[PDB]
Structure formats: structure tokens, C-alpha cells
């Protein structure tokens, strides 16, 4: 298997962490995509991924699977024993809800804030920027932190009693927040305590 990404990318982080959680890092050849050069917006890469994002998984027969959720679902199912995406109908439902909610309410908004209300990847890459939209997305992310704090006051991991894809998405959200210096509020003690734990997992600790 081939992964096209950048090592320090918060979105690439979601797949690299899941790969380590599945003991599959060695089954993967990583190919560097040069985000600082806008390689993700050039025709060669767009042929790999219309949406122009990393990471992208390339299977041995040439098959391309893009998007963090799709890649995680693929690799989790490989060994026939899913540990990140859910065994029962309930687990799949709850993990996907929380995973989607982490994307919508924390990760994507931080990303939008990065690309639109800061210099982001620079003026040659960031050809259109909408500051005001970017800034509202920042506030959305902050509210997301408070939401995830209320979850983690009741459950030890984002989707309940076990670690899942959804924890990885929140982890990537906090990694991106740190990049743009969007501070987790002091009062979000459960989110802070959970993150401190997450920071100790081998899959995460390695990546960081």
C-alpha cells in the first residue's frame, strides 16, 4: 500500500494514527506531497484526488481511496476484526456520528480558519480567502471544544467506553488547533484530561 501525504498534516495524522493502531505502519510506503508548493492543487495530484486533499491511499492494483473516514474504514476491515469503526450496528452508528460531529464541529472549522483567516499555506496557495468566514469558523471550533468537553465528562473516549476513529478525529482537531494557536479554554478540563491521556498512546506519541 502507498499513502500520499505530508508527515505533519493534521488530516494525514488521522490515517497515520489509525495505521499504528492497526499495526500496519510497515505495510505502507509513504510518498511526500509538497503542500508548501501547491502540489495538492496541481493536475498530477488532482488525478489521484479530485478534492485535492491528503492523505490518499493507493492499493497495489492501482485503486485510489481518498478521505480519512474512507481510508480508516478500509484498513480497519482488512484484518477482519474492526477496532476503530465498530462491530455492532450501535457501535458503527455511534462512532460514525461522533466522527462526523468531530469533523463538522472541531476539525474542519479549525482547517477553514487556517486557510481563510490566517496566511495559511501562503498567497500563492491560498488564492481565495474569506477572512470573515474563516473567523466565524474559529468561534465554531471553540464551541466544538466546549461540546467535546461535555462528552468527555461522561465518557472516557469520544464515542463511549472504547477508543475509536472518533477519538482520532478529535485528536487531529486538537493538533490543528495547536498549529494555529487556538487555545483550548482552561475550563475544558475533561477535554484537557482526555487529550493528555491520548498523548500517551503509542500510536499518538509516535506521531507527535
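Positions refer to the first chain, counted from 1.
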> Which is higher in the entry, the mean Cα B factor of 45-53 or that of 152-160?
Replying inline: 45-53
> On average, are the C-alpha B-factors higher in 20-28 or in 190-198?
Replying inline: 20-28
> Between 91, 105, 79, 73, where does the Cα B-factor run highest in the record?
Replying inline: 79
>> I'd like to know which of 140, 146, 37, 181 has the highest C-alpha temperature factor in the PDB entry.
In response: 37
>> Please place residue 127 in the lowest, middle or highest third of its chain according to the CA B-factor in the PDB entry.
In response: highest
>> Splitting the chain's C-alpha B-factors into thirds, which one does residue 65 fall into?
In response: middle
